[PDB]
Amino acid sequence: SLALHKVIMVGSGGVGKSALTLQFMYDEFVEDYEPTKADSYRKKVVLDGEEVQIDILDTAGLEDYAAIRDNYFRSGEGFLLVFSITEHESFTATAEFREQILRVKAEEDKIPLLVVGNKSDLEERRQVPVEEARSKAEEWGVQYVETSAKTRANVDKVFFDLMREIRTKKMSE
């Protein structure tokens, strides 16, 4: 459906998948950390003049069961692959997450995807140089965006840009 875009948040624990989701959905941000099992949301938005809906599936940083993870990943239309700029290990984890996505959607050529470096408000704690993440995203053929779920910086941008990638794919079919 060109009027309903299915977005999955993917990335390791604590990087801010839920914080980005809840900032986008409700303009809320809390400092608490409650690990996700799985949550989902639907919002009406206007995307480049057209009224559409975005569905968001917010995943666990580590899923107990491969089948559950595969079921979720296979159902997505586009992915926000999130790491925290303050945790280099979360950046290295994105490579394996991407492989899992590609494997479960093997019949699709170019999967809508953005790499998101979150917690940009914590610049003084950065462990991932901007150039390292930009270079990796270029190697994957996708946009790199740095966000802060806390301050709202580039939060709408990552969801709207991913929706534009999904819309482009849908029109090409």
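For every residue, the number given is its place in the sequence shown, counted from 1.
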Inset, instruction - Going by the average Cα B-factor in the PDB entry, point out whether 60-68 or 113-121 comes out higher. - result: 60-68
Inset, instruction - Output the stretch having the higher mean C-alpha B factor in the entry; the candidates are 87-95 and 74-82. - result: 87-95
Inset, instruction - Determine which member of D39, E146, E139, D55 has the highest CA B-factor, using the values in the deposited entry. - result: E139
Legend entry - Chain-wide C-alpha B factor ranking for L4, given as lowest, middle or highest third: middle
